[PDB]
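Asks: Just need the structure, nothing else, for what follows:
(chains A and B, ligands or ions: 2)
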Amino acid sequence: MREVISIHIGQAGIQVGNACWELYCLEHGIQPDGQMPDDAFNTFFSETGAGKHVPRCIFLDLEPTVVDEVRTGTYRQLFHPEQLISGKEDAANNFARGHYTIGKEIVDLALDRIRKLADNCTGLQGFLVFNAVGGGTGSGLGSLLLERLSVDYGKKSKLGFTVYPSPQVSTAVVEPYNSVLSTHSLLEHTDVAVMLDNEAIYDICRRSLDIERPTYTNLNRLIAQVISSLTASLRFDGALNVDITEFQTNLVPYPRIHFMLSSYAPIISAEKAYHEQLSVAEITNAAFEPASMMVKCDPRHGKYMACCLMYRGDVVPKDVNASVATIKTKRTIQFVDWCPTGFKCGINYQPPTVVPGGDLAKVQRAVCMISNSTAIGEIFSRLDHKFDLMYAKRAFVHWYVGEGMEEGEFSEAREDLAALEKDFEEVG
Amino acid sequence: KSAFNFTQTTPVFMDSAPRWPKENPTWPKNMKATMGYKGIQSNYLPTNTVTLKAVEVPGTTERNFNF
Ligand SMILES: Nc1nc2c(ncn2[C@@H]2O[C@H](COP(=O)(O)OP(=O)(O)OP(=O)(O)O)[C@@H](O)[C@H]2O)c(=O)[nH]1
Ligand SMILES: [Mg+2]
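Replies: Residues are numbered from 1 along each chain as shown, chains lettered A, B, ... in the order given. Ligands and ions are numbered 1, 2, ... in the order given. For reference, the structure is listed below:
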């Protein structure tokens, strides 16, 4: 009854699907072979006629070279073999191919799954879109898929966890372009869009985790710790159980501004816990610390329109309202005037679970903050520079125009960004 | 103004003995009641006690309510 649909698009889409679904199988005692030795799992699974607990998700991609790893990995008895969708040829880091040529010939298949994935669903909270902006499959298929989801349901909520291109780290050259094209299609179609950059999560692994050989498998073990904290209320008892609609009402002031930041705390090695107490007071000071952001944005250059705090573990509300109160007084944190409030707080009694072989530590208090700030214009203006720096020469255009696209789709998707950055200044 | 015997003209012949709902040295004046205010107002719960401050910086609002 309190159920969501978890979509994974692209490579990083399924790269985090392997971290998230290694968590819920472990957080509920679900063995890799489906069965375990209600509503604690009904948010993510579906008990069949006998014993088996299949998940409710969909792995979508164009290169089999990764979706087949799931078919050969230890989680092969888990998924319905039709959920693991894959293609023959790939998008080749080209937004057009993922949108016009190849996208149009598998969405008709993916959509049938969702229809057969929503009939058993009795009360659907909202879709859950794990996306990686910057590639043809991530940006093209994701864009084409979201529009199809809007015209089918519309009233259902889409949450966009989209990895965003970082300032320094860039595993591609044309990733500015398809990152721009994604906006015009995600903005009107996602209900709320969280952002996070592969660079910001790298430094988190430097100061806090003190892990010097970080890898994509490390970072994904952090994102799964967010969604686990985000949907704890959906499946675990706790004071101030916070659903999705509640979470969404008091965070998005205007239909445009739904690009928000994230954080997590405490993030520590399993040994520095021996040098700290990690009180509710201490953690919430670190959630608002700029170095604990999962995106390379600086909230001290902007203002806060709202925040949402999902605590976990041995936490009582008498200490939440106290630590929040000593933050509105802090000078560094500037709240835009038209919200004297700004905090929706959530508590759970189920502490964060730890995976064997992970880097975090077993703790009894943990915080995940998700703030809607007007400093988010920074990371959004860098793109407006690299796009205008390369597009001045029409570099790499002959690939996009050769795949059933045109020259208008560049200038069009460019104004939408300017149309957006004003909205992050009208709120001054 | 006859049949009234006004106070301004009542020779000490006429005189009254005060009765209970009135203070007098003979009967005890039992305890009374007053309102005691909320406490020192703040942005967290109001308290009676004054505490130290880490960030002094004249004319600024910084506290540590959580201790
Ligand atoms: N946090 C995280 N980011 C990843 C991971 N893998 C890739 N990325 C980033 O995703 C971006 C590219 O997205 P991809 O999914 O690999 O490409 P695509 O969307 O499938 O499109 P095609 O390459 O044409 O198939 C790069 O910037 C990567 O840094 C991962 O495992 N974890
Ligand atoms: Mg790819």
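
Asks: contacts, neighbours, all on C-alpha from now
Replies: Noted.

Asks: burial count for residue 57?
Replies: Since no chain was named, I'll use chain A. By other C-alpha atoms under 10 Å in any protein chain shown, the residues close to residue A:57 number 24.

Asks: Chain B was what I was after
Replies: The tally of other residues near residue B:57 (other C-alpha under 10 Å) stands at 9.

Asks: For my notes, confirm it occurs in a helix.
Replies: No: assessed with DSSP: H, G, I helix; E, B strand; the rest coil, residue B:57 is coil; it does not lie in a helix.

Asks: spatially speaking, which residue is in the middle of chain A?
Replies: For chain A, the residue nearest the mean C-alpha position is residue A:161 (2.2 Å; C-alpha atoms, centre = their mean).

Asks: so it, which of the three states?
Replies: From three-state DSSP, the assignment for residue A:161 is strand.

Asks: pretty sure residue A:417 is touching residue A:384, no?
Replies: Yes: assessed by C-alpha atoms under 8 Å, residue A:417 is found in contact with residue A:384 at 7.3 Å.

Asks: Now the closest residue to ligand 1 within chain B. Nearest residue, chain neighbours left out?
Replies: At 35.5 Å from ligand 1, residue B:66 is the closest residue in chain B, using C-alpha to the nearest ligand atom. Spatial nearest neighbour of residue B:66, excluding adjacent residues (C-alpha to C-alpha, 6 or more residues apart in numbering or on different chains): residue A:322 at 5.3 Å.

Asks: Now do the contacts for that neighbour.
Replies: By C-alpha atoms under 8 Å, 6 or more residues apart in numbering or on different chains, residue A:322 lies in contact with B:44, B:65-66.

Asks: same thing with residue A:56?
Replies: Contacts for residue A:56 (C-alpha under 8 Å, 6+ apart) come out as A:4-6, A:44-46, A:117.

Asks: so how far is residue A:202 from it?
Replies: 30 Å (C-alpha to C-alpha, to the nearest Å).

Asks: and the contacts of residue A:322, which are buried?
Replies: The neighbour-count test (16 or more other C-alpha atoms under 10 Å in any protein chain shown) marks B:44, B:65-66 as buried among these.

Asks: need the contact list for the residue positioned nearest the centre of chain B.
Replies: Nearest to the geometric centre of chain B sits residue B:34, at 4.5 Å (C-alpha atoms, centre = their mean). Neighbour list for residue B:34: empty [criterion: C-alpha under 8 Å, 6+ apart].

Asks: re the thing from before, in JSON lines: the contacts of residue A:322, plus distance to residue B:21.
Replies: Formatted as JSON lines, those follow (distance: C-alpha to C-alpha, whole Å):
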{"residue": "B:44", "distance to residue B:21": "44"}
{"residue": "B:65", "distance to residue B:21": "48"}
{"residue": "B:66", "distance to residue B:21": "50"}
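
Asks: Redo the residues you listed as TSV? Include secondary structure.
Replies: Below are the contacts of residue A:322 laid out as TSV (three-state DSSP):
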residue	secondary structure
B:44	coil
B:65	coil
B:66	coil
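
Asks: secondary structure class for residue A:5?
Replies: Applying three-state DSSP: residue A:5 is strand.

Asks: Which strand residues bridge the closest residue in space to it that isn't next to it in sequence?
Replies: Spatial nearest neighbour of residue A:5, excluding adjacent residues (C-alpha to C-alpha, 6+ apart): residue A:127 at 4.8 Å. Beta-bridge partners recorded for residue A:127 (DSSP bridges): residue A:5, residue A:158.

Asks: so what's residue A:127 up against?
Replies: Applying C-alpha under 8 Å, 6+ apart, we find residue A:127 in contact with A:4-7, A:156-159.

Asks: what does residue A:166 give?
Replies: Residues near residue A:166 by C-alpha under 8 Å, 6+ apart: A:197-200, A:296.

Asks: And residue A:189, by the same measure?
Replies: Applying C-alpha under 8 Å, 6+ apart, we find residue A:189 in contact with A:146-147, A:150, A:158.

Asks: Tell me how many other residues surround the spatially closest residue to residue A:301 that is not a sequence neighbour.
Replies: Leaving aside its chain neighbours, residue A:301 sits nearest to residue A:375 (5.8 Å; criterion: C-alpha to C-alpha, 6+ apart). Number of residues near residue A:375 (other C-alpha under 10 Å) recorded here: 20.

Asks: Mind checking what secondary structure residue A:375 has?
Replies: In three-state terms, and counting by three-state DSSP, residue A:375 is helix.

Asks: Test my guess that it contacts residue A:303.
Replies: Yes: taking contacts as C-alpha under 8 Å, residue A:375 lies within contact range of residue A:303: 6.4 Å.

Asks: And stretch A:401-418, what's buried?
Replies: Buried residues in stretch A:401-418, defined by neighbour count with 16+ other C-alpha under 10 Å: A:403, A:405, A:410, A:413-414, A:417.

Asks: is ligand 1 contacted by that stretch?
Replies: No: shown here: stretch A:401-418 not in contact with ligand 1 (C-alpha under 6 Å from any ligand atom), separated by at least 13.4 Å.

Asks: neighbouring contacts of stretch A:16-33?
Replies: By C-alpha under 8 Å, 6+ apart, stretch A:16-33 touches A:8, A:36-37, A:40-41, A:44, A:52-53, A:59, A:74-78, A:130, A:217, A:220-221, A:223-225, A:227-228, A:353, A:355.

Asks: Could you turn the buried ones of those residues into a ChimeraX selection?
Replies: Buried residues within those, by 16+ other C-alpha under 10 Å, are selected in ChimeraX with:
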select /A:8,41,44,52,53,59,75,76,77,78,130,220,221,223,224,225,228,353,355
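
Asks: The contacts of stretch A:16-33 in helices, which ones?
Replies: Those of the contacts of stretch A:16-33 mapping onto helices are A:217, A:220-221, A:223-225, A:227-228, per DSSP state H.

Asks: How about the contacts made by residue A:164?
Replies: With the criterion set at C-alpha under 8 Å, 6+ apart, residue A:164 makes contact with A:132-134, A:179, A:195-198.

Asks: Could you do residue A:270 as well?
Replies: By C-alpha under 8 Å, 6+ apart, the contact list for residue A:270 reads A:359-362.

Asks: Then residue A:280?
Replies: For residue A:280, the contact set (C-alpha under 8 Å, 6+ apart) comprises A:315, A:319-320, A:323, A:365.

Asks: Also residue A:255?
Replies: Per C-alpha under 8 Å, 6+ apart, neighbours of residue A:255: none.

Asks: Am I right that residue A:370 is in a strand?
Replies: Yes: the assignment for residue A:370 by three-state DSSP puts it in a strand.

Asks: Could you check how many residues crowd around the spatially closest residue to it that is not a sequence neighbour?
Replies: Nearest non-adjacent residue to residue A:370, counting by C-alpha to C-alpha, 6+ apart: residue A:262, 4.5 Å away. Residue A:262 has 21 neighbours, counted by other C-alpha under 10 Å.
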